[PDB]
Structures are given as structure tokens and as C-alpha cells.
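Q: The file below is target.csv, CSV, C-alpha atoms and all ligand atoms:
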```
chain,number,residue,atom,x,y,z
A,1,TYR,CA,0.0,0.0,0.0
A,2,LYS,CA,1.0,3.6,-0.5
A,3,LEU,CA,1.0,6.1,2.3
A,4,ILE,CA,1.0,9.6,0.8
A,5,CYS,CA,1.8,12.4,3.3
A,6,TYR,CA,1.7,16.1,2.7
A,7,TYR,CA,4.3,18.4,4.3
A,8,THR,CA,3.2,22.1,4.3
A,9,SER,CA,5.5,25.1,3.8
A,10,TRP,CA,4.1,27.7,6.2
A,11,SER,CA,4.6,25.3,9.1
A,12,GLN,CA,8.1,26.4,9.6
A,13,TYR,CA,6.8,29.8,10.9
A,14,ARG,CA,4.7,28.3,13.7
A,15,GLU,CA,6.1,29.6,17.0
A,16,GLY,CA,7.8,27.2,19.5
A,17,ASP,CA,7.4,23.4,19.3
A,18,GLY,CA,4.7,23.9,16.7
A,19,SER,CA,7.5,24.8,14.2
A,20,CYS,CA,8.4,22.0,11.7
A,21,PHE,CA,11.0,21.7,9.0
A,22,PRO,CA,11.4,18.7,6.6
A,23,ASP,CA,13.9,17.7,9.2
A,24,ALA,CA,11.2,16.2,11.4
A,25,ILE,CA,10.0,13.5,8.9
A,26,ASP,CA,10.7,9.8,9.6
A,27,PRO,CA,12.1,8.8,6.3
A,28,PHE,CA,10.6,5.4,6.9
A,29,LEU,CA,7.1,6.6,7.8
A,30,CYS,CA,5.4,7.4,4.6
A,31,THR,CA,6.0,6.0,1.0
A,32,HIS,CA,5.5,9.4,-0.8
A,33,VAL,CA,5.9,12.8,0.8
A,34,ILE,CA,4.4,15.6,-1.1
A,35,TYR,CA,5.9,19.1,-0.4
A,36,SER,CA,3.1,21.6,-0.1
A,37,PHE,CA,2.5,24.4,-2.5
A,38,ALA,CA,4.5,25.5,-5.4
A,39,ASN,CA,3.4,28.7,-7.1
A,40,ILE,CA,2.9,29.2,-10.8
A,41,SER,CA,4.3,32.5,-12.3
A,42,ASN,CA,4.8,33.6,-15.8
A,43,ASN,CA,2.8,30.5,-16.8
A,44,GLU,CA,5.8,28.6,-15.4
A,45,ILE,CA,6.1,26.6,-12.1
A,46,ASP,CA,8.1,28.4,-9.4
A,47,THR,CA,9.0,28.5,-5.7
A,48,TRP,CA,6.7,30.0,-3.1
A,49,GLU,CA,8.6,30.9,0.1
A,50,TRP,CA,12.0,32.5,0.2
A,51,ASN,CA,13.8,29.4,1.5
A,52,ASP,CA,12.0,26.8,-0.6
A,53,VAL,CA,15.2,25.8,-2.5
A,54,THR,CA,16.6,25.1,1.0
A,55,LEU,CA,13.7,23.0,2.4
A,56,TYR,CA,13.3,21.1,-0.9
A,57,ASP,CA,16.9,19.8,-0.5
A,58,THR,CA,16.2,19.1,3.2
A,59,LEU,CA,13.2,17.0,2.3
A,60,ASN,CA,14.9,15.3,-0.6
A,61,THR,CA,17.8,14.3,1.6
A,62,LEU,CA,15.5,11.9,3.5
A,63,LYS,CA,15.9,9.9,0.3
A,64,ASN,CA,19.5,9.3,1.5
A,65,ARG,CA,18.4,7.3,4.5
A,66,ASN,CA,15.7,5.6,2.6
A,67,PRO,CA,16.3,4.8,-1.1
A,68,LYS,CA,12.7,3.8,-1.7
A,69,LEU,CA,11.1,7.2,-0.6
A,70,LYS,CA,9.7,9.2,-3.5
A,71,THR,CA,8.8,12.9,-3.0
A,72,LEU,CA,6.5,15.1,-5.0
A,73,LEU,CA,5.7,18.9,-5.3
A,74,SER,CA,2.2,20.1,-5.3
A,75,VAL,CA,1.0,23.1,-7.5
A,76,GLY,CA,-2.0,25.1,-6.4
A,77,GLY,CA,-3.5,24.7,-2.9
A,78,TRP,CA,-5.9,27.0,-1.1
A,79,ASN,CA,-4.0,30.4,-1.3
A,80,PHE,CA,-3.6,29.9,-5.0
A,81,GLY,CA,-6.9,31.1,-6.6
A,82,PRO,CA,-8.5,28.5,-8.8
A,83,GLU,CA,-9.4,31.1,-11.3
A,84,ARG,CA,-5.7,31.5,-11.9
A,85,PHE,CA,-5.3,27.8,-12.7
A,86,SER,CA,-8.3,28.2,-14.9
A,87,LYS,CA,-6.6,30.9,-17.1
A,88,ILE,CA,-3.6,28.7,-17.4
A,89,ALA,CA,-5.5,25.6,-18.4
A,90,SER,CA,-8.1,26.9,-20.8
A,91,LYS,CA,-5.6,28.7,-22.9
A,92,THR,CA,-3.5,26.3,-25.0
A,93,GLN,CA,-0.5,28.7,-25.4
A,94,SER,CA,0.1,29.1,-21.6
A,95,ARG,CA,-0.8,25.5,-20.9
A,96,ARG,CA,2.1,24.1,-23.0
A,97,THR,CA,4.3,26.8,-21.4
A,98,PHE,CA,3.4,25.5,-17.9
A,99,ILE,CA,3.7,21.9,-18.8
A,100,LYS,CA,6.9,22.3,-20.6
A,101,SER,CA,8.6,23.8,-17.6
A,102,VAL,CA,7.7,21.2,-15.0
A,103,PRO,CA,10.3,18.5,-15.7
A,104,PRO,CA,13.4,20.7,-15.7
A,105,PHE,CA,12.1,22.1,-12.4
A,106,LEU,CA,11.4,18.8,-10.6
A,107,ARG,CA,14.6,17.3,-11.9
A,108,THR,CA,16.7,20.2,-10.6
A,109,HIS,CA,15.4,20.0,-7.1
A,110,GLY,CA,15.2,16.3,-7.0
A,111,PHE,CA,11.5,15.6,-6.9
A,112,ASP,CA,9.9,12.5,-8.4
A,113,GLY,CA,6.7,14.0,-9.8
A,114,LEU,CA,4.1,16.7,-9.6
A,115,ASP,CA,0.8,16.6,-7.7
A,116,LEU,CA,-2.0,18.9,-8.9
A,117,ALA,CA,-4.1,20.6,-6.2
A,118,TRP,CA,-6.4,22.6,-8.4
A,119,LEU,CA,-8.8,23.5,-5.6
A,120,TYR,CA,-12.1,23.0,-7.3
A,121,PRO,CA,-12.4,23.1,-11.0
A,122,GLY,CA,-15.8,24.4,-12.0
A,123,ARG,CA,-18.3,23.3,-14.6
A,124,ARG,CA,-16.6,25.1,-17.4
A,125,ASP,CA,-13.1,23.6,-16.5
A,126,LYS,CA,-13.7,19.9,-17.0
A,127,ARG,CA,-12.6,19.8,-20.6
A,128,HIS,CA,-9.5,21.6,-19.6
A,129,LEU,CA,-8.5,19.8,-16.4
A,130,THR,CA,-8.7,16.9,-18.8
A,131,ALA,CA,-6.5,18.6,-21.3
A,132,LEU,CA,-3.9,19.5,-18.6
A,133,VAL,CA,-3.7,16.0,-17.1
A,134,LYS,CA,-3.6,14.3,-20.4
A,135,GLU,CA,-1.0,16.6,-21.8
A,136,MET,CA,1.0,16.8,-18.6
A,137,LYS,CA,1.3,13.0,-18.6
A,138,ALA,CA,2.2,12.8,-22.3
A,139,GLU,CA,5.1,15.1,-21.6
A,140,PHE,CA,6.2,13.1,-18.6
A,141,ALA,CA,6.4,10.0,-20.9
A,142,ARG,CA,8.4,11.9,-23.6
A,143,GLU,CA,10.8,13.2,-21.0
A,144,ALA,CA,11.6,9.6,-19.8
A,145,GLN,CA,13.3,8.8,-23.0
A,146,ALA,CA,16.3,10.7,-21.6
A,147,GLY,CA,16.8,7.5,-19.6
A,148,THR,CA,15.9,8.8,-16.3
A,149,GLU,CA,13.0,7.3,-14.3
A,150,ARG,CA,9.5,8.6,-15.4
A,151,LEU,CA,8.2,11.4,-13.3
A,152,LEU,CA,4.9,10.6,-11.4
A,153,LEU,CA,1.7,12.7,-11.8
A,154,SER,CA,-1.2,12.9,-9.4
A,155,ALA,CA,-4.0,15.2,-8.4
A,156,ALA,CA,-6.0,16.0,-5.3
A,157,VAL,CA,-9.6,15.6,-6.2
A,158,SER,CA,-12.7,16.7,-4.2
A,159,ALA,CA,-15.1,14.3,-2.6
A,160,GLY,CA,-18.3,16.2,-2.7
A,161,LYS,CA,-20.7,14.7,-5.2
A,162,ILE,CA,-21.6,18.1,-6.5
A,163,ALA,CA,-17.9,19.0,-6.8
A,164,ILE,CA,-17.1,15.7,-8.6
A,165,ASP,CA,-20.1,16.1,-11.0
A,166,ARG,CA,-19.3,19.8,-11.8
A,167,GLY,CA,-15.5,19.9,-12.5
A,168,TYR,CA,-14.0,16.4,-13.1
A,169,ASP,CA,-13.9,13.8,-15.9
A,170,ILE,CA,-13.0,11.0,-13.5
A,171,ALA,CA,-13.0,8.3,-16.2
A,172,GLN,CA,-10.6,10.2,-18.4
A,173,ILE,CA,-8.2,11.5,-15.8
A,174,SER,CA,-7.7,8.1,-14.0
A,175,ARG,CA,-6.4,6.7,-17.2
A,176,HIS,CA,-3.6,9.4,-17.1
A,177,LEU,CA,-2.7,9.8,-13.4
A,178,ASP,CA,-0.4,7.7,-11.2
A,179,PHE,CA,-2.9,8.1,-8.2
A,180,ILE,CA,-6.0,10.2,-7.2
A,181,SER,CA,-6.0,11.4,-3.6
A,182,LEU,CA,-9.7,11.8,-2.5
A,183,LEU,CA,-10.1,14.7,-0.1
A,184,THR,CA,-12.5,12.8,2.2
A,185,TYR,CA,-12.1,15.4,4.9
A,186,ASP,CA,-14.0,18.6,3.8
A,187,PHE,CA,-17.6,17.5,4.3
A,188,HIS,CA,-19.5,19.6,6.9
A,189,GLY,CA,-18.2,22.5,4.8
A,190,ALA,CA,-17.6,26.2,4.9
A,191,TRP,CA,-21.2,27.2,5.8
A,192,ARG,CA,-23.7,25.4,8.1
A,193,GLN,CA,-24.7,27.2,11.3
A,194,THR,CA,-25.1,23.7,12.8
A,195,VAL,CA,-22.4,21.5,14.4
A,196,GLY,CA,-21.2,18.4,12.4
A,197,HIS,CA,-18.3,16.2,11.5
A,198,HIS,CA,-16.0,17.1,8.7
A,199,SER,CA,-14.7,13.6,8.1
A,200,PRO,CA,-17.4,11.0,8.9
A,201,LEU,CA,-16.6,7.5,7.7
A,202,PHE,CA,-20.2,6.4,7.4
A,203,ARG,CA,-23.7,7.7,6.6
A,204,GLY,CA,-25.1,7.9,10.1
A,205,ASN,CA,-28.7,7.1,11.2
A,206,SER,CA,-29.1,10.6,12.6
A,207,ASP,CA,-28.5,11.9,9.0
A,208,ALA,CA,-31.4,11.3,6.6
A,209,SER,CA,-30.4,14.1,4.1
A,210,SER,CA,-26.9,15.0,3.5
A,212,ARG,CA,-25.8,11.2,2.6
A,213,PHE,CA,-23.4,12.2,-0.1
A,214,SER,CA,-21.2,13.6,2.7
A,215,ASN,CA,-19.0,10.9,4.1
A,216,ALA,CA,-15.9,8.9,2.9
A,217,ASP,CA,-17.9,5.8,2.2
A,218,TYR,CA,-20.1,7.6,-0.3
A,219,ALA,CA,-17.3,9.5,-2.0
A,220,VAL,CA,-15.4,6.3,-2.5
A,221,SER,CA,-18.2,4.1,-3.7
A,222,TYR,CA,-19.0,7.0,-6.0
A,223,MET,CA,-15.6,7.4,-7.6
A,224,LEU,CA,-15.5,3.6,-8.0
A,225,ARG,CA,-18.7,3.9,-9.9
A,226,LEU,CA,-17.6,6.8,-12.1
A,227,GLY,CA,-14.5,4.9,-13.5
A,228,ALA,CA,-11.5,5.3,-11.2
A,229,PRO,CA,-9.9,1.9,-10.5
A,230,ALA,CA,-9.5,0.9,-6.9
A,231,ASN,CA,-5.7,0.7,-7.4
A,232,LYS,CA,-5.4,4.5,-8.1
A,233,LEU,CA,-7.7,5.7,-5.3
A,234,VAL,CA,-6.0,7.1,-2.2
A,235,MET,CA,-8.3,8.1,0.7
A,236,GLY,CA,-7.6,11.3,2.7
A,237,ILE,CA,-7.3,10.9,6.4
A,238,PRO,CA,-7.2,14.2,8.2
A,239,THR,CA,-4.7,14.7,11.0
A,240,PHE,CA,-6.4,17.9,12.2
A,241,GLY,CA,-9.7,18.8,13.7
A,242,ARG,CA,-12.3,21.3,12.9
A,243,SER,CA,-13.7,23.5,15.8
A,244,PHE,CA,-16.9,25.5,16.5
A,245,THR,CA,-17.8,28.2,19.0
A,246,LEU,CA,-21.2,27.0,20.3
A,247,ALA,CA,-24.2,29.2,21.0
A,248,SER,CA,-26.0,27.3,23.8
A,249,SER,CA,-25.5,24.5,26.3
A,250,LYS,CA,-26.8,22.3,23.5
A,251,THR,CA,-23.6,20.3,22.9
A,252,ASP,CA,-25.2,17.2,21.2
A,253,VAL,CA,-26.0,16.1,17.6
A,254,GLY,CA,-26.8,19.1,15.4
A,255,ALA,CA,-26.8,21.9,18.0
A,256,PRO,CA,-26.5,25.6,16.9
A,257,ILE,CA,-23.3,27.5,16.4
A,258,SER,CA,-22.1,31.1,16.4
A,259,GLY,CA,-18.9,30.7,14.3
A,260,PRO,CA,-15.6,28.9,14.1
A,261,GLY,CA,-13.7,27.8,17.3
A,262,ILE,CA,-10.9,30.0,18.8
A,263,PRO,CA,-7.4,29.6,17.3
A,264,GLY,CA,-4.8,27.1,18.5
A,265,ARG,CA,-1.9,28.4,20.6
A,266,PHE,CA,0.4,27.3,17.8
A,267,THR,CA,-1.6,26.7,14.8
A,268,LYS,CA,-3.1,30.3,15.0
A,269,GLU,CA,-6.1,30.0,12.6
A,270,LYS,CA,-9.8,30.2,13.4
A,271,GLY,CA,-11.6,26.9,12.8
A,272,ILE,CA,-8.6,24.5,12.6
A,273,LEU,CA,-6.9,22.7,15.5
A,274,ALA,CA,-3.8,20.6,14.9
A,275,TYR,CA,-4.0,17.1,16.4
A,276,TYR,CA,-1.2,18.0,18.8
A,277,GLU,CA,-3.3,20.9,20.1
A,278,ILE,CA,-6.3,18.6,20.3
A,279,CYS,CA,-4.3,16.4,22.6
A,280,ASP,CA,-3.9,19.3,24.9
A,281,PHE,CA,-7.5,20.5,24.5
A,282,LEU,CA,-8.6,17.0,25.6
A,283,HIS,CA,-7.6,17.3,29.2
A,284,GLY,CA,-10.8,18.5,31.0
A,285,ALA,CA,-13.0,18.1,27.9
A,286,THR,CA,-15.8,15.6,27.6
A,287,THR,CA,-15.3,13.1,24.8
A,288,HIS,CA,-18.1,11.6,22.8
A,289,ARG,CA,-18.3,9.5,19.6
A,290,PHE,CA,-20.7,9.3,16.7
A,291,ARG,CA,-21.0,5.5,16.5
A,292,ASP,CA,-23.0,5.6,13.4
A,293,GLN,CA,-20.2,7.5,11.5
A,294,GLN,CA,-17.5,6.3,13.9
A,295,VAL,CA,-15.5,9.4,14.5
A,296,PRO,CA,-15.2,11.4,17.8
A,297,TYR,CA,-15.9,15.0,18.9
A,298,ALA,CA,-15.1,16.9,22.1
A,299,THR,CA,-16.3,19.9,24.1
A,300,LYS,CA,-15.0,22.0,26.9
A,301,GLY,CA,-16.8,25.3,27.8
A,302,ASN,CA,-18.2,26.6,24.6
A,303,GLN,CA,-15.8,24.9,22.2
A,304,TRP,CA,-16.9,21.8,20.2
A,305,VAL,CA,-14.1,20.0,18.4
A,306,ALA,CA,-14.6,17.4,15.6
A,307,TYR,CA,-11.4,15.4,15.2
A,308,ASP,CA,-9.7,12.1,14.4
A,309,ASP,CA,-7.8,9.9,17.0
A,310,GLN,CA,-5.8,6.7,16.7
A,311,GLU,CA,-8.9,4.5,16.8
A,312,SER,CA,-10.8,6.2,14.0
A,313,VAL,CA,-7.8,6.5,11.8
A,314,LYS,CA,-7.2,2.7,12.2
A,315,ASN,CA,-10.8,2.3,11.3
A,316,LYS,CA,-10.8,4.3,8.1
A,317,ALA,CA,-7.5,2.5,7.3
A,318,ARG,CA,-9.3,-0.9,7.6
A,319,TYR,CA,-12.1,0.4,5.4
A,320,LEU,CA,-9.7,1.4,2.7
A,321,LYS,CA,-8.2,-2.1,2.6
A,322,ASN,CA,-11.5,-3.9,2.5
A,323,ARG,CA,-12.6,-1.8,-0.5
A,324,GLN,CA,-9.1,-2.5,-1.9
A,325,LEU,CA,-8.0,1.1,-2.5
A,326,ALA,CA,-4.3,1.8,-3.3
A,327,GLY,CA,-3.6,3.4,0.1
A,328,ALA,CA,-4.1,6.3,2.5
A,329,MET,CA,-3.3,10.0,2.2
A,330,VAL,CA,-2.6,12.0,5.3
A,331,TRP,CA,-3.1,15.8,5.4
A,332,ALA,CA,-0.3,17.3,7.3
A,333,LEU,CA,2.6,15.5,8.8
A,334,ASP,CA,3.1,18.8,10.5
A,335,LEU,CA,-0.3,18.7,11.9
A,336,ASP,CA,0.2,15.4,13.6
A,337,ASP,CA,2.3,15.1,16.8
A,338,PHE,CA,5.5,15.1,14.9
A,339,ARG,CA,7.7,15.7,17.9
A,340,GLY,CA,5.9,13.1,19.9
A,341,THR,CA,5.7,15.1,23.1
A,342,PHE,CA,2.1,16.5,23.2
A,343,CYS,CA,-0.2,13.5,23.2
A,344,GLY,CA,0.2,11.4,26.3
A,345,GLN,CA,1.9,8.3,24.9
A,346,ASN,CA,5.4,8.1,23.5
A,347,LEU,CA,5.1,7.6,19.7
A,348,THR,CA,6.4,10.2,17.3
A,349,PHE,CA,3.6,10.9,14.6
A,350,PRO,CA,0.9,9.0,16.4
A,351,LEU,CA,-1.9,9.3,13.8
A,352,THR,CA,0.2,8.6,10.8
A,353,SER,CA,1.7,5.6,12.6
A,354,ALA,CA,-1.7,4.1,13.1
A,355,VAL,CA,-2.5,4.2,9.4
A,356,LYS,CA,0.9,2.7,8.7
A,357,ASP,CA,0.4,-0.1,11.2
A,358,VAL,CA,-2.9,-1.1,9.8
A,359,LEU,CA,-1.7,-0.8,6.2
A,360,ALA,CA,1.2,-3.0,7.1
A,361,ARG,CA,-0.8,-5.8,8.5
A,362,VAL,CA,-2.5,-7.6,5.6
A,401,LIG,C1,2.9,33.6,-7.2
A,401,LIG,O1,3.0,34.2,-8.5
A,401,LIG,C2,2.3,35.4,-8.7
A,401,LIG,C3,2.6,35.8,-10.1
A,401,LIG,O2,1.8,35.0,-10.9
A,401,LIG,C4,2.7,36.5,-7.7
A,401,LIG,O3,1.7,37.6,-7.6
A,401,LIG,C5,2.2,38.8,-7.9
A,401,LIG,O4,3.3,38.7,-8.8
A,401,LIG,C6,4.1,39.9,-9.1
A,401,LIG,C7,5.4,40.0,-8.3
A,401,LIG,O5,5.5,41.2,-7.6
A,401,LIG,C8,3.3,41.2,-9.0
A,401,LIG,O6,3.8,41.9,-10.2
A,401,LIG,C9,4.6,43.1,-9.8
A,401,LIG,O7,5.6,43.3,-10.9
A,401,LIG,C10,5.5,44.5,-11.7
A,401,LIG,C11,6.9,44.8,-12.1
A,401,LIG,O8,7.0,45.0,-13.5
A,401,LIG,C12,4.9,45.7,-11.1
A,401,LIG,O9,4.6,46.7,-12.1
A,401,LIG,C13,3.5,45.4,-10.4
A,401,LIG,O10,3.0,46.6,-9.8
A,401,LIG,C14,3.7,44.3,-9.3
A,401,LIG,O11,4.2,44.8,-8.1
A,401,LIG,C15,1.8,41.0,-9.1
A,401,LIG,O12,1.2,42.1,-8.4
A,401,LIG,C16,1.2,39.7,-8.5
A,401,LIG,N1,0.5,39.0,-9.6
A,401,LIG,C17,-0.6,38.3,-9.4
A,401,LIG,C18,-1.9,38.9,-9.4
A,401,LIG,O13,-0.5,37.0,-9.2
A,401,LIG,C19,3.0,36.1,-6.3
A,401,LIG,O14,3.9,37.0,-5.7
A,401,LIG,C20,3.5,34.6,-6.2
A,401,LIG,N2,3.3,34.2,-4.8
A,401,LIG,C21,4.3,34.2,-4.0
A,401,LIG,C22,3.9,34.3,-2.5
A,401,LIG,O15,5.4,34.0,-4.3
```
Mind turning this structure into C-alpha cells?
A:
Amino acid sequence: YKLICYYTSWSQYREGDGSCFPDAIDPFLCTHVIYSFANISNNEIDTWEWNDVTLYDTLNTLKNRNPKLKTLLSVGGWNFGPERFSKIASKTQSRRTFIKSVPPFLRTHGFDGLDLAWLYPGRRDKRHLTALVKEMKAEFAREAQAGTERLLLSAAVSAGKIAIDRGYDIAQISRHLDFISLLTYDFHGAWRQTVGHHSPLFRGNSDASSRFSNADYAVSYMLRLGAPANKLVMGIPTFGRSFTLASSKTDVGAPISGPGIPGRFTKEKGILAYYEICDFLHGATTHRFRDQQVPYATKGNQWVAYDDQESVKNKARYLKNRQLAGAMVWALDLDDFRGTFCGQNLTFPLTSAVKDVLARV
């Protein structure tokens, strides 16, 4: 099985223990590490932070302790407007320009492929996402003739039925990609003034109408649209989403006033890193949707929907039973990478759990 793990750039700036450089990665933990967020500029791939050429190297040296590790660079992400991507992809001059510039760049910094995080292609982009994948791959094949190993190509696809139906030709792009990472973590989305879980595994009996919004549906759906099981990779979040409540009603579907308060280290309304969740937990009440089999917590007026070792093992078993290619984990830097926040003594507890289950049969 593959264990694809994202490392994010802006996580070096976190103050204190929360700060994380490629340096922290167990070279033997994942199978592919994807460095997170390259820019595009002048229709040409390019660095994003000032020290990216340094960290790249830092990351790609893990391949010195483990010859089998492959690393990849991701274009796009959330601070890269999709409408930018759109201009690049719909416009055959600037598409070739972008594509053409990707191998020399990857090769120079020692990556093994490119991962495309086009965050949400729209209805009038499908034809072109298809054009960009198809053409990007074709170029990767042509560039292997130079006798080097073929670069890998992947994409981070959504998992909302509407999103899938609007922007992606799943059948056509699975034929060209080395693996699809299903983002099975952004469910209870941007909006709802009700509490809910962002990464439910299952449907849930207390949920008659939403049902397109859990990992099990997204997966069964992609399988039905044309993606082969051995290209699907299922996103497991290593962070938690929080809410500031608006009443003592703490239970299933209670009302909300807005996103939870920021983490002491992660500093960002709505998100909590798993390491902060470990600290939040002391003096909080835990509960667990058994239906969807994922936990939430509460303390004062904060309700936190998160993943712990047990649920992550669970999702990991799910994936093997459906025979997917493996798991994808959002943010090695969001997990307890130091190993000193969450009681027990493991380094990277969540990612370890997925690894352990993936390693077992
Ligand atoms: C990712 O890539 C973007 C470019 O595609 C960057 O953005 C900005 O890029 C440039 C760089 O400053 C800005 O253009 C300046 O240059 C000319 C000089 O001739 C000036 O005349 C002009 O006033 C600008 O200051 C753009 O303003 C801006 N372009 C846009 C809308 O993308 C971006 O910097 C980069 N991201 C990071 C963080 O590296």
C-alpha cells in the first residue's frame, strides 16, 4: 500500500514546538511525501517561500536514509486562486508553457513527480482539467526517453458529489494519473450554522439528508464513475475542525455562532492541529458518533470534531477492504511530529496508526 503524506511550507513559521522543518520526517514513515505548495508565475512553475530551494533539499535528503522514498511537489492549494489555474488551463499557449517547464524544475530540485491541487475546478473547466492532465502526462512519458525514471503525476480531487459532477472527468483522468487522492475530509463544509463532523466515515442514522457527505459515499461514487480501486487514495485528516457553540446544547446538530478559537500554535480560526487537540482534551468531555464512527469533544463553549488513533485505524481498515491503493494524510506537520504533546510516546501517532494497519494484511 502507498502512504502519501503532505508536508506544508508555512509550518516552519509556527512559533515554538509547533514549528516544523522537513527535518522532522521519519524517512521510513510514509512512502511518498508531497511538499506543499509551489506557485505558478509567468505561466511557469516556481518557488513560493524565500527558502523553498533550501527545504526542498532538506526534504529530498530523506531519500539518503531511505532509497525507496519518493517525493513530489504540489501546484495550487488554497491560497492559489482556482481562477488563476483556470486561465492557465483553458488557454493552449500558456498550458504548453506551464507543462513544458515542469520536468526541468522537478529534476533540478530532485522531486519524483508533480501533484496537482487545483482547488475545485468548476463546470466550465472539466474539458481543460482533462486537457492539462492528459498533456502533462504525455510530456512526462516523452521526457523519460532521456533515460531517467519517469516522473509521477497525481491530483488532489474533491469528494463532494456536486464537486465531482461539476468539475472532473474521473473516467478520463484516472487513465492518465499515477494516483488520485480523494479529499475525504472537507464534508460539513464552509457554511452550516449547525455542528457536524468534517470527516465522517459512514452515513449515520441521525442523518437522513446529507448522505453524499462521508468517505464511504465519496469512495463508492468514484469507483462507480470509472476510477480503478488501485489508483484511489483516501484522505485521512490529522487535524480537527472546531466550533464556538451558541447554547448549552452540545449534542448532535446543536446551533453555532462561528468557528472555534485559534490554537496556541496553529493560529487560525476553525482549525486545530492534532497536537493541540491532545492538549484540548484534558478537561474536555469526549463523545463519539458510533454511526459515523468518529469522535468529537467539548469544553466550555468549544466543540471540536477530530480524528484519533482509533478512528484512523478504522478508516484504514475500510480502505483495505474496499481495496484502494492506500491512504493520504493531510499534514505530517499537523500530527504530533515531535511526539511530546499526546500522552503516549510515539512520534507521529496518527500517521503511525494508518501505517500499522496498512502494514498488517
Ligand atoms: C505567485 O505568483 C504570482 C505571479 O503569478 C505573484 O503575484 C504577484 O506577482 C508579481 C510579483 O511582484 C506582481 O507583479 C509586480 O511586478 C511588476 C513589475 O513590472 C509591477 O509593475 C507590479 O505593480 C507588481 O508589483 C503582481 O502584483 C502579482 N501578480 C498576481 C496577481 O499574481 C505572487 O507573488 C507569487 N506568490 C508568492 C507568494 O510568491
Q: From the set A:54, A:267, A:79, A:194, which residue has the shortest atom-to-atom contact distance to ligand LIG 401 (chain A), counting all atoms listed in the file?
A: A:79
Q: Take atom CA of residue A:220 and atom CA of residue A:27 and report the distance between them in Å, one decimal.
A: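 One can read the atom CA of residue A:220 to atom CA of residue A:27 distance as 29.0 Å.
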Q: Quick one: residues within 8 Å of residue A:111, all atoms listed in the file counted, chain neighbours fewer than 3 positions away excluded, as a ChimeraX atom specification?
A: /A:60,70-73,106-108,114
Q: Write out as a Markdown table a residue-level contact list of chain A versus ligand LIG 401 (chain A) with cut-off 7 Å: for each qualifying residue the closest pair of atoms and the distance in Å to one decimal, counting only C-alpha atoms and all ligand atoms, rows sorted by chain and residue number upward.
A:
```
| residue | atom | partner | partner_atom | distance |
| --- | --- | --- | --- | --- |
| A:39 | CA | A:LIG401 | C1 | 4.9 |
| A:40 | CA | A:LIG401 | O1 | 5.5 |
| A:41 | CA | A:LIG401 | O2 | 3.8 |
| A:42 | CA | A:LIG401 | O2 | 5.9 |
| A:47 | CA | A:LIG401 | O15 | 6.7 |
| A:48 | CA | A:LIG401 | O15 | 4.4 |
| A:49 | CA | A:LIG401 | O15 | 6.3 |
```
Q: In terms of the shortest atom-to-atom distance over only C-alpha atoms, which of A:61, A:112, A:285, A:356 is closest to residue A:148?
A: A:112
Q: Which residue gives the smallest distance to residue A:168 among A:181, A:121, A:135, A:200, with only C-alpha atoms counted?
A: A:121
Q: Could I get the residues of stretch 164-275 of chain A with an atom no further than 12 Å from an atom of stretch 310-317 of chain A, each paired with its nearest atom pair and that distance in Å to one decimal, using all atoms listed in the file, sorted by chain and residue number, as JSON lines?
A:
```
{"residue": "A:184", "atom": "CA", "partner": "A:316", "partner_atom": "CA", "distance": 10.5}
{"residue": "A:185", "atom": "CA", "partner": "A:316", "partner_atom": "CA", "distance": 11.6}
{"residue": "A:199", "atom": "CA", "partner": "A:316", "partner_atom": "CA", "distance": 10.1}
{"residue": "A:200", "atom": "CA", "partner": "A:316", "partner_atom": "CA", "distance": 9.4}
{"residue": "A:201", "atom": "CA", "partner": "A:316", "partner_atom": "CA", "distance": 6.6}
{"residue": "A:202", "atom": "CA", "partner": "A:316", "partner_atom": "CA", "distance": 9.7}
{"residue": "A:215", "atom": "CA", "partner": "A:316", "partner_atom": "CA", "distance": 11.3}
{"residue": "A:216", "atom": "CA", "partner": "A:316", "partner_atom": "CA", "distance": 8.6}
{"residue": "A:217", "atom": "CA", "partner": "A:316", "partner_atom": "CA", "distance": 9.4}
{"residue": "A:220", "atom": "CA", "partner": "A:316", "partner_atom": "CA", "distance": 11.7}
{"residue": "A:234", "atom": "CA", "partner": "A:317", "partner_atom": "CA", "distance": 10.7}
{"residue": "A:235", "atom": "CA", "partner": "A:316", "partner_atom": "CA", "distance": 8.7}
{"residue": "A:236", "atom": "CA", "partner": "A:316", "partner_atom": "CA", "distance": 9.4}
{"residue": "A:237", "atom": "CA", "partner": "A:313", "partner_atom": "CA", "distance": 7.0}
{"residue": "A:238", "atom": "CA", "partner": "A:313", "partner_atom": "CA", "distance": 8.5}
{"residue": "A:239", "atom": "CA", "partner": "A:313", "partner_atom": "CA", "distance": 8.8}
{"residue": "A:240", "atom": "CA", "partner": "A:313", "partner_atom": "CA", "distance": 11.5}
{"residue": "A:275", "atom": "CA", "partner": "A:310", "partner_atom": "CA", "distance": 10.6}
```
Q: Using all atoms listed in the file, find the one residue out of A:301, A:196, A:204, A:113 that sits nearest to residue A:254.
A: A:196
Q: So which one's closest to residue A:116, A:12, A:353, A:172, A:36? Using only C-alpha atoms, please.
A: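 Nearest to residue A:116: A:36.
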Q: Near residue A:227, within 7 Å and counting all atoms listed in the file, which residues show up once chain neighbours fewer than 2 positions away are dropped, as a PyMOL selection string?
A: chain A and resi 170-171+223-225+229
Q: Measuring between all atoms listed in the file, which one of A:252, A:83, A:178, A:165 shows the shortest distance to residue A:137?
A: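 Comparing A:252, A:83, A:178, A:165 against residue A:137, the winner is A:178.
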Q: For atom CA of residue A:222 and atom CA of residue A:362, quote the distance in Å rounded to one decimal.
A: 24.9 Å
Q: For residue A:159, find every residue with an atom within 7 Å (counting all atoms listed in the file), except residues of its own chain fewer than 3 positions away, and show them as a list in words.
A: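 These residues fall inside the cut-off: residues 163, 164, 182, 183, 184 and 219 of chain A.
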Q: Mind pulling up the distance from atom CA of residue A:104 to atom CA of residue A:141?
A: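 Computing the Euclidean distance for atom CA of residue A:141 and atom CA of residue A:104 yields 13.8 Å.
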